[PDB]
Engineer: 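First the structure, which I've put down as structure tokens, then a few questions once you've had a look.
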Amino acid sequence: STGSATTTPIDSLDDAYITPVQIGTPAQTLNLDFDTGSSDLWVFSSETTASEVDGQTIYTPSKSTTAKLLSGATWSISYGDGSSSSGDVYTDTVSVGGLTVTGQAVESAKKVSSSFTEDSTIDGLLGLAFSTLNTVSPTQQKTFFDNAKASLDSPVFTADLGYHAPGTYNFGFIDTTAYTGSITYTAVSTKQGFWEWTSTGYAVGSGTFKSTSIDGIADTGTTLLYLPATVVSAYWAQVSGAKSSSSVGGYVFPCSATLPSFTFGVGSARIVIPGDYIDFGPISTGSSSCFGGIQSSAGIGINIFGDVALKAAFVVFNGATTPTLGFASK
């Protein structure tokens, strides 16, 4: 089997991407944030505290003939940005782009933090990291991908995120029309439950490439590119007037700037992030200070190849017995 679904930016900055997902019988379609940095499929629901719902579409398990309470199971998750959610668990039929999993754990939110409430466009998350990170207790649950894997033509999914445009998540096949050149594969460590890999270095603009190992995660659920302070300083030093602002919470730059590109290494291959991808616009409405899309990972504890980086590539998440990651230009 295979599946193919379009993923669409939630706003004009590509802050996140939503992908329609069919849950239950008859289908209830929710727009979920596919997150290769976590491993819970959770939704706004008929159980979510009413004051914490503001425009989201909810899953109502009592209206699904295939929903079953997973008795005794609870979940609770905290994300890198400080947001969180928790609740109980149903199993139900879940389909993505024509690919169907029966008996999928659908984590029903009883509580969500303010950041989720305030984002009316995101009806929940669909985790695509390794199932070892799943938070369901006392019986840990599998991700949608883990459940689908055995039925897939090939044990892979791909992320093809757009810049200010829709893109695609495919399951079970590699679309050879969706990228240019060849795919370069690189080793993955699953020790922390992430799609963790080591970039071979970077360049800023038309500058020389610096060969240096940068361990980080491929995380579709993180907006920006978070790299070591040394790398980030070298980037922003090429933008007149750019500075790190503790009041704002990162590097800002004059909105009048033309940003240089940023290149990262994948083995001997190179992925180029155009400068425009690094512009996250005014810090507040009407400001002439703009927020940067490359930020320091210092104090996160991990480097994160978020959407800024991933949307510059066609990315293969290879879930074979020995997982690997592939990157191609597009």
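No hydrogens, no waters, no symmetry mates; every other heavy atom, side chains included, goes into these values. The chain is numbered in sequence order, starting from 1.
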Engineer: Do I217 and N303 touch side chain to side chain, with heavy atoms closer than 4.5 Å?
Structural biologist: no
Engineer: Are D119 and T121 close enough that a side-chain donor and a side-chain acceptor fall under 3.5 Å?
Structural biologist: yes
Engineer: Look up atom OG in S289 and atom CD1 in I283, then write down how far apart they are to the nearest 0.5 Å.
Structural biologist: 4.0 Å
Engineer: If we only count heavy atoms from C-beta on, is the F327 to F264 side-chain gap below 4.5 Å?
Structural biologist: yes
Engineer: Tell me whether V239 shares a hydrophobic cluster with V272, the cluster being built from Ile, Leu, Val, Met, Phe, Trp, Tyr side chains joined at under 4.5 Å.
Structural biologist: no
Engineer: Is the side chain of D11 donor-acceptor paired with the backbone N or O of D14 at a distance under 3.5 Å, no angle test?
Structural biologist: yes
Engineer: Under 4.5 Å between any side-chain heavy atoms of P274 and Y163, yes or no?
Structural biologist: no
Engineer: Using a 3.5 Å distance criterion without hydrogens, assess whether the side chain of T48 forms a donor-acceptor pair with backbone atoms of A109.
Structural biologist: yes
Engineer: Consider only side-chain N and O atoms of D88 and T74, and report whether a donor and an acceptor are under 3.5 Å apart.
Structural biologist: no
Engineer: Determine whether the side chains of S189 and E196 contain a donor N or O and an acceptor N or O closer than 3.5 Å.
Structural biologist: no
Engineer: Does a donor on one side chain and an acceptor on the other come within less than 3.5 Å for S51 and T49?
Structural biologist: no
Engineer: CD1/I18 to OG1/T8 distance, rounded to the nearest 0.5 angstrom?
Structural biologist: 6.0 Å
Engineer: Keeping the roles fixed (side chain from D160, backbone from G167), state whether a donor-acceptor pair exists under 3.5 Å.
Structural biologist: no
Engineer: Check the pair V156, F317 against side chain to side chain contact (heavy atoms under 4.5 Å, CB included), reporting the backbone distance first and the verdict last.
Structural biologist: CA-CA 6 Å; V156 304; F317 294 78; over 6 Å; no
Engineer: Give a yes or no answer on whether the side chain of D40 reaches the backbone of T135 with a donor-acceptor pair at less than 3.5 Å.
Structural biologist: yes
Engineer: Might you work through the side chain to side chain contact (heavy atoms under 4.5 Å, CB included) test for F130 and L133, ending with a clear yes or no?
Structural biologist: CA-CA 6 Å; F130 292 89; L133 293 179; 5.8 Å; no
Engineer: How many angstroms lie between atom CZ of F173 and atom OG1 of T2, to the nearest 0.5 angstrom?
Structural biologist: 5.5 Å
Engineer: Indicate if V94 and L69 have the same hydrophobic cluster label, given that clusters are the connected sets of ILVMFWY residues with side-chain heavy-atom separations under 4.5 angstrom.
Structural biologist: yes
Engineer: Would you tell me whether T19 and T7 have side-chain atoms, one donor and one acceptor, within less than 3.5 Å of each other?
Structural biologist: yes
Engineer: Output, in order, the C-alpha distance, side-chain angles, deciding distance and verdict of side chain to side chain contact (heavy atoms under 4.5 Å, CB included) for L259 and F253.
Structural biologist: CA-CA 9 Å; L259 297 176; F253 67 93; 3.7 Å; yes
Engineer: Could you state the interatomic distance from CD1 (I10) to CG (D33), rounded to the nearest 0.5 Å?
Structural biologist: 7.5 Å
Engineer: If you take all heavy atoms of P61 and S46, which pair is closest and at what distance?
Structural biologist: CD-OG, 3.5 Å
Engineer: Is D219 close to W195 at the side-chain level, that is, under 4.5 Å between some pair of heavy atoms?
Structural biologist: no
Engineer: Does some side-chain heavy atom of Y226 sit less than 4.5 Å from a side-chain heavy atom of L224?
Structural biologist: yes
Engineer: Nearest 0.5 Å, please: how far is CG in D54 from OG1 in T117?
Structural biologist: 7.5 Å
Engineer: Below 4.5 Å, heavy atoms only, C-beta onward: do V232 and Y251 meet side chain to side chain?
Structural biologist: yes
Engineer: Side chains of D92 and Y59: do they bring a donor and an acceptor to under 3.5 Å?
Structural biologist: yes
Engineer: Going by distance alone, is a donor N or O of one side chain under 3.5 Å from an acceptor N or O of the other, for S83 and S115?
Structural biologist: no
Engineer: Given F44 and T57, is the side chain to side chain contact (heavy atoms under 4.5 Å, CB included) satisfied, shown in steps?
Structural biologist: CA-CA 7 Å; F44 279 78; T57 294; over 6 Å; no
Engineer: Does some side-chain heavy atom of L32 sit less than 4.5 Å from a side-chain heavy atom of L41?
Structural biologist: yes
Engineer: Under 3.5 Å, is there a donor-acceptor pair linking the side chains of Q56 and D123?
Structural biologist: no
Engineer: Could you tell me the separation between the OG atom of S244 and the CD atom of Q295, rounded to the nearest 0.5 Å?
Structural biologist: 7.0 Å
Engineer: With under 30° as parallel and over 60° as perpendicular, where do the rings of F116 and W42 fit, or are they tilted in between?
Structural biologist: perpendicular
Engineer: Between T60 and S62, do the side chains contain a donor N or O and an acceptor N or O under 3.5 Å apart?
Structural biologist: no
Engineer: Mind checking whether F262 and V308 have side chains closer than 4.5 Å, heavy atoms only?
Structural biologist: no
Engineer: Please find out if less than 6.0 Å separates the ring center of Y179 from that of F314.
Structural biologist: yes
Engineer: Decide whether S38 and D35 meet the rule of one side-chain donor and one side-chain acceptor closer than 3.5 Å.
Structural biologist: yes
